[PDB]
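A.B. asks: Take a look at query.cif, mmCIF, C-alpha atoms and all ligand atoms:
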```cif
data_work
#
loop_
_atom_site.group_PDB
_atom_site.id
_atom_site.type_symbol
_atom_site.label_atom_id
_atom_site.label_comp_id
_atom_site.auth_asym_id
_atom_site.auth_seq_id
_atom_site.Cartn_x
_atom_site.Cartn_y
_atom_site.Cartn_z
ATOM 1 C CA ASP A 43 -129.671 119.147 34.256
ATOM 2 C CA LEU A 44 -131.075 116.400 32.007
ATOM 3 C CA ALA A 45 -131.528 118.497 28.838
ATOM 4 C CA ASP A 46 -127.965 119.767 29.251
ATOM 5 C CA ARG A 47 -126.703 116.180 29.546
ATOM 6 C CA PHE A 48 -128.549 115.100 26.391
ATOM 7 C CA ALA A 49 -127.206 118.137 24.489
ATOM 8 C CA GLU A 50 -123.691 117.183 25.657
ATOM 9 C CA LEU A 51 -124.177 113.678 24.205
ATOM 10 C CA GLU A 52 -125.335 115.139 20.906
ATOM 11 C CA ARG A 53 -122.107 117.122 20.644
ATOM 12 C CA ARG A 54 -119.987 114.113 21.709
ATOM 13 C CA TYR A 55 -121.437 111.816 19.046
ATOM 14 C CA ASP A 56 -122.186 114.475 16.392
ATOM 15 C CA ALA A 57 -125.733 113.204 16.673
ATOM 16 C CA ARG A 58 -129.378 114.098 16.959
ATOM 17 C CA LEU A 59 -130.893 112.394 20.023
ATOM 18 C CA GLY A 60 -134.541 111.895 20.961
ATOM 19 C CA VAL A 61 -135.787 110.590 24.292
ATOM 20 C CA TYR A 62 -139.232 109.937 25.751
ATOM 21 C CA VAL A 63 -140.382 108.398 29.018
ATOM 22 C CA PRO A 64 -144.164 108.745 29.650
ATOM 23 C CA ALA A 65 -145.334 110.272 32.927
ATOM 24 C CA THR A 66 -146.252 107.825 35.689
ATOM 25 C CA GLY A 67 -147.535 107.840 39.223
ATOM 26 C CA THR A 68 -145.016 110.313 40.589
ATOM 27 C CA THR A 69 -142.580 110.940 37.725
ATOM 28 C CA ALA A 70 -142.973 113.683 35.147
ATOM 29 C CA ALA A 71 -142.505 112.748 31.489
ATOM 30 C CA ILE A 72 -138.883 112.889 30.353
ATOM 31 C CA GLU A 73 -138.702 114.461 26.909
ATOM 32 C CA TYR A 74 -135.899 115.582 24.630
ATOM 33 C CA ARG A 75 -136.651 116.210 20.941
ATOM 34 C CA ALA A 76 -139.481 113.814 21.743
ATOM 35 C CA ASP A 77 -141.840 115.106 19.033
ATOM 36 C CA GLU A 78 -139.201 115.173 16.295
ATOM 37 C CA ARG A 79 -139.440 112.460 13.640
ATOM 38 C CA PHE A 80 -136.786 109.707 13.546
ATOM 39 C CA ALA A 81 -136.708 106.630 11.285
ATOM 40 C CA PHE A 82 -138.392 103.563 12.869
ATOM 41 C CA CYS A 83 -135.691 101.285 11.567
ATOM 42 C CA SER A 84 -136.317 97.832 13.062
ATOM 43 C CA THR A 85 -138.235 99.149 16.034
ATOM 44 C CA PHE A 86 -141.432 98.743 13.956
ATOM 45 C CA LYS A 87 -141.111 94.977 14.382
ATOM 46 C CA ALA A 88 -142.478 95.130 17.933
ATOM 47 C CA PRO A 89 -145.852 96.654 16.993
ATOM 48 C CA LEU A 90 -145.777 94.539 13.806
ATOM 49 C CA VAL A 91 -145.816 91.335 15.877
ATOM 50 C CA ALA A 92 -148.582 92.885 18.026
ATOM 51 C CA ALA A 93 -150.596 93.578 14.846
ATOM 52 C CA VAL A 94 -150.213 89.973 13.612
ATOM 53 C CA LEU A 95 -151.068 88.590 17.065
ATOM 54 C CA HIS A 96 -154.127 90.872 17.327
ATOM 55 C CA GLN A 97 -155.387 90.003 13.845
ATOM 56 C CA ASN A 98 -155.452 86.206 14.231
ATOM 57 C CA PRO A 99 -156.326 83.342 16.566
ATOM 58 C CA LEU A 100 -153.399 82.400 18.740
ATOM 59 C CA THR A 101 -152.907 79.123 16.855
ATOM 60 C CA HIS A 102 -152.127 81.088 13.671
ATOM 61 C CA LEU A 103 -148.631 80.952 15.282
ATOM 62 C CA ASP A 104 -148.452 77.369 14.088
ATOM 63 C CA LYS A 105 -149.002 78.136 10.377
ATOM 64 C CA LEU A 106 -145.950 77.277 8.251
ATOM 65 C CA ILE A 107 -144.736 80.008 5.894
ATOM 66 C CA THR A 108 -142.519 79.116 2.931
ATOM 67 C CA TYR A 109 -140.164 81.491 1.168
ATOM 68 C CA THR A 110 -137.329 81.455 -1.367
ATOM 69 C CA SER A 111 -133.966 82.965 -2.385
ATOM 70 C CA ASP A 112 -135.441 86.168 -3.749
ATOM 71 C CA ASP A 113 -137.128 86.902 -0.360
ATOM 72 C CA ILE A 114 -133.758 87.307 1.403
ATOM 73 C CA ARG A 115 -133.004 90.998 0.835
ATOM 74 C CA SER A 116 -131.738 92.168 4.265
ATOM 75 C CA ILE A 117 -130.006 91.037 7.492
ATOM 76 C CA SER A 118 -131.961 87.886 8.381
ATOM 77 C CA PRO A 119 -129.968 85.793 10.912
ATOM 78 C CA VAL A 120 -132.696 83.189 11.365
ATOM 79 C CA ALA A 121 -134.599 83.215 8.053
ATOM 80 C CA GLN A 122 -131.389 82.621 6.056
ATOM 81 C CA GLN A 123 -130.884 79.328 8.040
ATOM 82 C CA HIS A 124 -134.433 78.008 7.596
ATOM 83 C CA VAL A 125 -135.018 78.893 3.966
ATOM 84 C CA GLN A 126 -134.991 75.201 2.925
ATOM 85 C CA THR A 127 -137.791 74.241 5.401
ATOM 86 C CA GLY A 128 -139.957 77.349 5.954
ATOM 87 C CA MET A 129 -140.813 79.014 9.280
ATOM 88 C CA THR A 130 -144.014 79.122 11.303
ATOM 89 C CA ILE A 131 -145.610 82.498 12.058
ATOM 90 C CA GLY A 132 -144.441 81.981 15.670
ATOM 91 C CA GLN A 133 -140.870 81.401 14.504
ATOM 92 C CA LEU A 134 -141.122 84.532 12.314
ATOM 93 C CA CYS A 135 -142.348 86.665 15.227
ATOM 94 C CA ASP A 136 -139.513 85.262 17.387
ATOM 95 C CA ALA A 137 -136.883 86.044 14.736
ATOM 96 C CA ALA A 138 -138.283 89.509 13.883
ATOM 97 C CA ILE A 139 -138.125 90.564 17.531
ATOM 98 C CA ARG A 140 -135.116 88.706 18.963
ATOM 99 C CA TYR A 141 -132.759 88.782 15.946
ATOM 100 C CA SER A 142 -134.268 91.788 14.165
ATOM 101 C CA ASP A 143 -134.735 89.495 11.170
ATOM 102 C CA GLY A 144 -135.673 91.535 8.059
ATOM 103 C CA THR A 145 -137.020 88.663 5.998
ATOM 104 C CA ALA A 146 -139.161 87.568 8.951
ATOM 105 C CA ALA A 147 -140.547 91.090 9.243
ATOM 106 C CA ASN A 148 -141.287 91.271 5.520
ATOM 107 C CA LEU A 149 -143.109 87.925 5.668
ATOM 108 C CA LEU A 150 -145.132 89.135 8.654
ATOM 109 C CA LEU A 151 -146.043 92.315 6.769
ATOM 110 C CA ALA A 152 -147.254 90.122 3.885
ATOM 111 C CA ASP A 153 -149.239 88.016 6.398
ATOM 112 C CA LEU A 154 -150.974 91.153 7.675
ATOM 113 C CA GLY A 155 -151.650 91.863 3.991
ATOM 114 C CA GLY A 156 -153.330 94.691 2.115
ATOM 115 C CA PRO A 157 -151.792 97.583 0.096
ATOM 116 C CA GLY A 158 -148.075 98.352 0.232
ATOM 117 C CA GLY A 159 -147.231 94.712 1.070
ATOM 118 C CA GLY A 160 -148.728 95.156 4.540
ATOM 119 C CA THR A 161 -147.300 98.618 5.319
ATOM 120 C CA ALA A 162 -150.698 100.310 5.062
ATOM 121 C CA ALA A 163 -152.290 97.776 7.487
ATOM 122 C CA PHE A 164 -149.332 98.190 9.832
ATOM 123 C CA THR A 165 -149.853 101.945 9.864
ATOM 124 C CA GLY A 166 -153.617 101.367 10.389
ATOM 125 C CA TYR A 167 -152.839 99.254 13.449
ATOM 126 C CA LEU A 168 -150.855 102.203 14.932
ATOM 127 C CA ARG A 169 -153.770 104.536 14.121
ATOM 128 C CA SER A 170 -156.081 102.196 16.102
ATOM 129 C CA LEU A 171 -153.855 102.797 19.138
ATOM 130 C CA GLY A 172 -154.261 106.581 18.729
ATOM 131 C CA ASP A 173 -150.906 107.180 17.033
ATOM 132 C CA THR A 174 -151.650 109.763 14.335
ATOM 133 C CA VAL A 175 -147.945 110.492 13.788
ATOM 134 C CA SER A 176 -146.049 107.359 12.737
ATOM 135 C CA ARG A 177 -145.978 105.892 9.257
ATOM 136 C CA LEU A 178 -144.465 102.873 7.528
ATOM 137 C CA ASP A 179 -144.034 103.150 3.754
ATOM 138 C CA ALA A 180 -141.457 100.528 2.803
ATOM 139 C CA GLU A 181 -140.322 97.151 3.990
ATOM 140 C CA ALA A 182 -136.809 95.826 4.615
ATOM 141 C CA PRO A 183 -134.193 96.982 3.417
ATOM 142 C CA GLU A 184 -135.653 100.211 2.046
ATOM 143 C CA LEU A 185 -137.233 101.472 5.262
ATOM 144 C CA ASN A 186 -133.807 102.224 6.793
ATOM 145 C CA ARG A 187 -132.625 104.387 3.881
ATOM 146 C CA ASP A 188 -134.799 107.507 3.724
ATOM 147 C CA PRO A 189 -132.789 110.736 3.687
ATOM 148 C CA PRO A 190 -132.479 112.713 6.950
ATOM 149 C CA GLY A 191 -135.651 114.804 7.428
ATOM 150 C CA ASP A 192 -137.797 112.641 5.098
ATOM 151 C CA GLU A 193 -141.043 111.655 6.845
ATOM 152 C CA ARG A 194 -141.351 108.233 5.210
ATOM 153 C CA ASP A 195 -140.900 105.320 7.647
ATOM 154 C CA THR A 196 -140.765 107.584 10.725
ATOM 155 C CA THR A 197 -142.111 107.703 14.227
ATOM 156 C CA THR A 198 -141.223 109.941 17.193
ATOM 157 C CA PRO A 199 -139.905 108.975 20.619
ATOM 158 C CA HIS A 200 -143.200 110.264 22.077
ATOM 159 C CA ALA A 201 -145.445 108.343 19.606
ATOM 160 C CA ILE A 202 -143.635 105.009 19.812
ATOM 161 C CA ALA A 203 -143.403 105.175 23.617
ATOM 162 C CA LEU A 204 -147.195 105.591 23.893
ATOM 163 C CA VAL A 205 -147.696 102.697 21.464
ATOM 164 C CA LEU A 206 -145.325 100.435 23.394
ATOM 165 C CA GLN A 207 -146.967 101.431 26.675
ATOM 166 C CA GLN A 208 -150.375 100.258 25.393
ATOM 167 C CA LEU A 209 -148.951 97.007 23.991
ATOM 168 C CA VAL A 210 -146.950 95.865 27.036
ATOM 169 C CA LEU A 211 -148.518 97.664 30.015
ATOM 170 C CA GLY A 212 -152.006 98.512 28.753
ATOM 171 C CA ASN A 213 -154.847 96.530 27.227
ATOM 172 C CA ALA A 214 -154.161 96.768 23.473
ATOM 173 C CA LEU A 215 -153.717 92.980 23.445
ATOM 174 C CA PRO A 216 -155.465 90.235 25.439
ATOM 175 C CA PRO A 217 -153.266 88.899 28.237
ATOM 176 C CA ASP A 218 -152.160 85.785 26.347
ATOM 177 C CA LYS A 219 -151.001 87.691 23.280
ATOM 178 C CA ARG A 220 -149.532 90.453 25.469
ATOM 179 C CA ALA A 221 -147.446 87.815 27.233
ATOM 180 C CA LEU A 222 -146.108 86.419 23.921
ATOM 181 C CA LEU A 223 -144.968 89.875 22.810
ATOM 182 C CA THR A 224 -143.482 90.699 26.226
ATOM 183 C CA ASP A 225 -141.519 87.441 26.401
ATOM 184 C CA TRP A 226 -140.054 87.857 22.923
ATOM 185 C CA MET A 227 -138.878 91.369 23.818
ATOM 186 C CA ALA A 228 -137.614 90.007 27.152
ATOM 187 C CA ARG A 229 -135.465 87.508 25.281
ATOM 188 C CA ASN A 230 -134.127 89.949 22.733
ATOM 189 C CA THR A 231 -130.513 89.249 21.720
ATOM 190 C CA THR A 232 -129.645 92.580 20.091
ATOM 191 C CA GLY A 233 -130.020 95.121 22.887
ATOM 192 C CA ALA A 234 -127.274 94.468 25.468
ATOM 193 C CA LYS A 235 -125.346 97.647 24.606
ATOM 194 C CA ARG A 236 -128.309 100.040 24.485
ATOM 195 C CA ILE A 237 -131.019 100.755 27.075
ATOM 196 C CA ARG A 238 -130.023 97.571 28.955
ATOM 197 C CA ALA A 239 -126.497 98.972 29.407
ATOM 198 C CA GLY A 240 -127.883 102.099 31.156
ATOM 199 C CA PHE A 241 -130.007 100.350 33.820
ATOM 200 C CA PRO A 242 -128.715 98.464 36.872
ATOM 201 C CA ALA A 243 -128.832 94.660 36.757
ATOM 202 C CA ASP A 244 -131.706 94.462 39.257
ATOM 203 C CA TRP A 245 -133.986 96.330 36.843
ATOM 204 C CA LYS A 246 -135.761 94.098 34.288
ATOM 205 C CA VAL A 247 -135.400 95.316 30.688
ATOM 206 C CA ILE A 248 -137.280 94.170 27.597
ATOM 207 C CA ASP A 249 -136.572 95.890 24.266
ATOM 208 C CA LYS A 250 -136.548 96.114 20.491
ATOM 209 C CA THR A 251 -133.644 97.831 18.733
ATOM 210 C CA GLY A 252 -133.351 99.578 15.377
ATOM 211 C CA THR A 253 -130.275 100.441 13.327
ATOM 212 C CA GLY A 254 -130.095 102.143 9.933
ATOM 213 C CA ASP A 255 -128.197 104.330 7.523
ATOM 214 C CA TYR A 256 -127.080 107.872 8.383
ATOM 215 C CA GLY A 257 -125.836 106.552 11.747
ATOM 216 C CA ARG A 258 -129.346 105.610 12.936
ATOM 217 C CA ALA A 259 -129.523 103.755 16.240
ATOM 218 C CA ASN A 260 -132.730 103.330 18.271
ATOM 219 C CA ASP A 261 -134.012 101.269 21.161
ATOM 220 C CA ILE A 262 -137.513 101.049 22.655
ATOM 221 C CA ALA A 263 -137.915 99.342 26.031
ATOM 222 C CA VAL A 264 -140.112 98.648 28.976
ATOM 223 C CA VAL A 265 -138.140 98.577 32.223
ATOM 224 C CA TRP A 266 -139.202 97.490 35.702
ATOM 225 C CA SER A 267 -137.682 98.707 38.923
ATOM 226 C CA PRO A 268 -136.586 96.198 41.585
ATOM 227 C CA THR A 269 -140.010 96.833 43.207
ATOM 228 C CA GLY A 270 -142.022 96.235 40.051
ATOM 229 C CA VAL A 271 -142.709 99.819 38.936
ATOM 230 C CA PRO A 272 -142.686 99.939 35.112
ATOM 231 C CA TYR A 273 -141.478 102.726 32.804
ATOM 232 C CA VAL A 274 -141.386 102.936 29.017
ATOM 233 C CA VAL A 275 -138.139 104.280 27.532
ATOM 234 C CA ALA A 276 -137.750 105.307 23.862
ATOM 235 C CA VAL A 277 -134.349 106.492 22.681
ATOM 236 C CA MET A 278 -133.726 107.372 19.033
ATOM 237 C CA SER A 279 -130.682 108.769 17.279
ATOM 238 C CA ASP A 280 -129.085 109.651 13.963
ATOM 239 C CA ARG A 281 -125.763 111.082 12.794
ATOM 240 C CA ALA A 282 -126.837 112.690 9.514
ATOM 241 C CA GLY A 283 -123.697 114.840 9.562
ATOM 242 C CA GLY A 284 -121.663 111.781 8.505
ATOM 243 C CA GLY A 285 -123.890 111.028 5.513
ATOM 244 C CA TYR A 286 -125.306 107.659 4.446
ATOM 245 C CA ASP A 287 -122.417 105.582 5.763
ATOM 246 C CA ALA A 288 -122.229 107.315 9.183
ATOM 247 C CA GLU A 289 -121.588 104.672 11.848
ATOM 248 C CA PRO A 290 -124.482 104.037 14.267
ATOM 249 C CA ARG A 291 -123.222 104.562 17.826
ATOM 250 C CA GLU A 292 -124.810 102.329 20.471
ATOM 251 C CA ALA A 293 -122.820 104.029 23.215
ATOM 252 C CA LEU A 294 -124.925 107.165 22.679
ATOM 253 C CA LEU A 295 -128.032 105.183 23.628
ATOM 254 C CA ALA A 296 -126.284 103.514 26.606
ATOM 255 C CA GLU A 297 -125.232 106.948 27.953
ATOM 256 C CA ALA A 298 -128.675 108.435 27.330
ATOM 257 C CA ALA A 299 -130.266 105.485 29.167
ATOM 258 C CA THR A 300 -127.801 105.870 32.066
ATOM 259 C CA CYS A 301 -128.949 109.476 32.411
ATOM 260 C CA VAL A 302 -132.593 108.373 32.361
ATOM 261 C CA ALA A 303 -131.965 105.566 34.914
ATOM 262 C CA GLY A 304 -130.354 108.140 37.245
ATOM 263 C CA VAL A 305 -133.612 110.118 37.314
ATOM 264 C CA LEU A 306 -135.868 107.059 37.632
ATOM 265 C CA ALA A 307 -133.918 105.461 40.547
HETATM 266 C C1 LIG A 401 -133.536 96.938 11.662
HETATM 267 O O1 LIG A 401 -133.088 98.096 12.304
HETATM 268 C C2 LIG A 401 -132.488 96.231 10.825
HETATM 269 N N1 LIG A 401 -131.577 97.226 10.232
HETATM 270 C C3 LIG A 401 -131.156 97.073 8.974
HETATM 271 O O2 LIG A 401 -131.470 96.114 8.260
HETATM 272 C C4 LIG A 401 -130.257 98.192 8.440
HETATM 273 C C5 LIG A 401 -128.840 98.004 8.974
HETATM 274 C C6 LIG A 401 -127.977 97.001 8.770
HETATM 275 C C7 LIG A 401 -126.782 97.132 9.403
HETATM 276 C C8 LIG A 401 -126.636 98.245 10.134
HETATM 277 S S1 LIG A 401 -128.094 99.115 9.979
HETATM 278 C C9 LIG A 401 -131.880 95.102 11.693
HETATM 279 N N2 LIG A 401 -131.751 95.529 13.093
HETATM 280 C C10 LIG A 401 -130.656 95.869 13.793
HETATM 281 C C11 LIG A 401 -131.009 96.245 15.216
HETATM 282 O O3 LIG A 401 -130.146 96.664 15.993
HETATM 283 O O4 LIG A 401 -132.198 96.091 15.518
HETATM 284 C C12 LIG A 401 -129.355 95.898 13.272
HETATM 285 C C13 LIG A 401 -128.139 96.325 14.145
HETATM 286 O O5 LIG A 401 -126.869 96.375 13.596
HETATM 287 C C14 LIG A 401 -125.806 97.033 14.203
HETATM 288 C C15 LIG A 401 -124.652 97.509 13.307
HETATM 289 O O6 LIG A 401 -125.744 97.232 15.423
HETATM 290 C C16 LIG A 401 -129.072 95.570 11.804
HETATM 291 S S2 LIG A 401 -130.319 94.448 11.068
#
```
Spell out the structure here as structure tokens.
Ligand SMILES: *C(=O)[C@@H](NC(=O)Cc1cccs1)[C@@H]1NC(C(=O)O)=C(COC(C)=O)CS1

C.D. replies:
Amino acid sequence: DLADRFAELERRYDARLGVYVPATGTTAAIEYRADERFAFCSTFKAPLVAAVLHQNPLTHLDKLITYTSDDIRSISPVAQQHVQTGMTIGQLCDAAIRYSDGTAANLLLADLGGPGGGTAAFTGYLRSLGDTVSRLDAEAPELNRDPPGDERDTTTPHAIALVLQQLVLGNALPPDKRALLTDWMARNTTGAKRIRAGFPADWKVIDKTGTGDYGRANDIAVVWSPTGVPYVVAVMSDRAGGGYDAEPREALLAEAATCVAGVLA
């Protein structure tokens, strides 16, 4: 029984686990704690890039953005290396998705603009996709740090799955922008030990991870069966019982995804 298996994983990892897979053709929705709030962590970067793409002509990707020492405030694998030269919006989108680059995400929030350094416009973009649940209140690093239970900077597995479904599978974006987002997620470098680890090699996986304090580890993905049937998979987790410095545990997400893949095969 799937709920029993997820509960077992919670005990194993001293964790809270949330899972959502939207209903399809012939599969019922898979849901476990799916309407409970979990921190976005870096998973917000996927709809953030969608927001920036949606808001601008495609060639806005070629605009150079400059930034300085005091902008580097978080893990930023790419932005730290290009600080002397600047990065185009396209490079920033690439880095935010594929390297979960915090500086890139903050610069993209600022590009979107408006109150809260772009966080209000980001939330407004989610509202436009019918998500009345999620909220972004802070940028990097702060957004990963809210105490367990705090609603700031949270989504739910259910809400983020429906958002990702519209972005990648639905018509939230025009085909050209949809393809840019899909390809960046397809080329993600940070997700090998999460949802990807739970699906057989002949299934395509594209994803965006998130990791935070209190043992937070998330992954949102679109997967395609060997025959081209797509599913959206959102797995979120925290280990609040270990306090702020609790280790995130990717293996929890890999096991949860393995359980999901078993049902979807
Ligand atoms: C987004 O989740 C962001 N997280 C943080 O900046 C907070 C943390 C820093 C170290 C551990 S949590 C970036 N994204 C990811 C990710 O998986 O998407 C990170 C993953 O790190 C580990 C550990 O697996 C950290 S940086």

A.B. asks: Just give me the residues with any atom within 8 Å of (-134.0, 86.0, 21.6), file coordinates, counting all atoms listed in the file, written as a PyMOL selection string.

C.D. replies: chain A and resi 136-137+139-141+226-231

A.B. asks: Listing only residues of chain A within 9 Å of ligand LIG 401 (chain A), what is the closest atom pair and its distance in Å (to one decimal) for each, using only C-alpha atoms and all ligand atoms, sorted by chain and residue number ascending, as JSON lines?

C.D. replies:
```
{"residue": "A:82", "atom": "CA", "partner": "A:LIG401", "partner_atom": "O1", "distance": 7.6}
{"residue": "A:83", "atom": "CA", "partner": "A:LIG401", "partner_atom": "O1", "distance": 4.2}
{"residue": "A:84", "atom": "CA", "partner": "A:LIG401", "partner_atom": "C1", "distance": 3.2}
{"residue": "A:85", "atom": "CA", "partner": "A:LIG401", "partner_atom": "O1", "distance": 6.4}
{"residue": "A:86", "atom": "CA", "partner": "A:LIG401", "partner_atom": "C1", "distance": 8.4}
{"residue": "A:87", "atom": "CA", "partner": "A:LIG401", "partner_atom": "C1", "distance": 8.3}
{"residue": "A:116", "atom": "CA", "partner": "A:LIG401", "partner_atom": "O2", "distance": 5.6}
{"residue": "A:117", "atom": "CA", "partner": "A:LIG401", "partner_atom": "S2", "distance": 5.0}
{"residue": "A:118", "atom": "CA", "partner": "A:LIG401", "partner_atom": "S2", "distance": 7.3}
{"residue": "A:119", "atom": "CA", "partner": "A:LIG401", "partner_atom": "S2", "distance": 8.7}
{"residue": "A:138", "atom": "CA", "partner": "A:LIG401", "partner_atom": "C9", "distance": 8.8}
{"residue": "A:139", "atom": "CA", "partner": "A:LIG401", "partner_atom": "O4", "distance": 8.4}
{"residue": "A:140", "atom": "CA", "partner": "A:LIG401", "partner_atom": "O4", "distance": 8.7}
{"residue": "A:141", "atom": "CA", "partner": "A:LIG401", "partner_atom": "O4", "distance": 7.3}
{"residue": "A:142", "atom": "CA", "partner": "A:LIG401", "partner_atom": "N2", "distance": 4.6}
{"residue": "A:143", "atom": "CA", "partner": "A:LIG401", "partner_atom": "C9", "distance": 6.3}
{"residue": "A:144", "atom": "CA", "partner": "A:LIG401", "partner_atom": "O2", "distance": 6.2}
{"residue": "A:182", "atom": "CA", "partner": "A:LIG401", "partner_atom": "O2", "distance": 6.5}
{"residue": "A:183", "atom": "CA", "partner": "A:LIG401", "partner_atom": "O2", "distance": 5.6}
{"residue": "A:184", "atom": "CA", "partner": "A:LIG401", "partner_atom": "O2", "distance": 8.5}
{"residue": "A:185", "atom": "CA", "partner": "A:LIG401", "partner_atom": "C4", "distance": 8.3}
{"residue": "A:186", "atom": "CA", "partner": "A:LIG401", "partner_atom": "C4", "distance": 5.6}
{"residue": "A:187", "atom": "CA", "partner": "A:LIG401", "partner_atom": "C4", "distance": 8.0}
{"residue": "A:232", "atom": "CA", "partner": "A:LIG401", "partner_atom": "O3", "distance": 5.8}
{"residue": "A:233", "atom": "CA", "partner": "A:LIG401", "partner_atom": "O3", "distance": 7.1}
{"residue": "A:250", "atom": "CA", "partner": "A:LIG401", "partner_atom": "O4", "distance": 6.6}
{"residue": "A:251", "atom": "CA", "partner": "A:LIG401", "partner_atom": "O4", "distance": 3.9}
{"residue": "A:252", "atom": "CA", "partner": "A:LIG401", "partner_atom": "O1", "distance": 3.4}
{"residue": "A:253", "atom": "CA", "partner": "A:LIG401", "partner_atom": "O1", "distance": 3.8}
{"residue": "A:254", "atom": "CA", "partner": "A:LIG401", "partner_atom": "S1", "distance": 3.6}
{"residue": "A:255", "atom": "CA", "partner": "A:LIG401", "partner_atom": "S1", "distance": 5.8}
{"residue": "A:256", "atom": "CA", "partner": "A:LIG401", "partner_atom": "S1", "distance": 9.0}
{"residue": "A:257", "atom": "CA", "partner": "A:LIG401", "partner_atom": "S1", "distance": 8.0}
{"residue": "A:258", "atom": "CA", "partner": "A:LIG401", "partner_atom": "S1", "distance": 7.2}
{"residue": "A:259", "atom": "CA", "partner": "A:LIG401", "partner_atom": "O3", "distance": 7.1}
{"residue": "A:260", "atom": "CA", "partner": "A:LIG401", "partner_atom": "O3", "distance": 7.5}
{"residue": "A:261", "atom": "CA", "partner": "A:LIG401", "partner_atom": "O4", "distance": 7.9}
{"residue": "A:289", "atom": "CA", "partner": "A:LIG401", "partner_atom": "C15", "distance": 7.9}
{"residue": "A:290", "atom": "CA", "partner": "A:LIG401", "partner_atom": "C15", "distance": 6.6}
{"residue": "A:291", "atom": "CA", "partner": "A:LIG401", "partner_atom": "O6", "distance": 8.1}
{"residue": "A:292", "atom": "CA", "partner": "A:LIG401", "partner_atom": "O6", "distance": 7.2}
```

A.B. asks: With only C-alpha atoms as the basis for distance, which of A:241, A:62, A:80, A:48 is at the shortest distance from residue 204 in chain A?

C.D. replies: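 Of all the options, A:62 lies closest to residue 204 in chain A.
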
A.B. asks: Specify as an MDAnalysis selection string each residue included when the PyMOL selection byres (((chain A and resi 283) around 8) and not hetatm) is applied to this file.

C.D. replies: chainID A and resid 56:57 256 281:282 284:285 288

A.B. asks: For CA of residue 297 in chain A and CA of residue 209 in chain A, quote the distance in Å rounded to one decimal.

C.D. replies: 26.0 Å

A.B. asks: In Å to one decimal, how far is CA of residue 176 in chain A from CA of residue 189 in chain A?

C.D. replies: 16.4 Å

A.B. asks: Please determine, counting only C-alpha atoms, which residue among A:213, A:286, A:222, A:206 has the shortest atom-to-atom distance to residue 132 in chain A.

C.D. replies: A:222

A.B. asks: Nearest to residue 263 in chain A: which of A:64, A:174, A:163, A:44 is it, counting all atoms listed in the file?

C.D. replies: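 Among the listed residues, A:64 lies closest to residue 263 in chain A.
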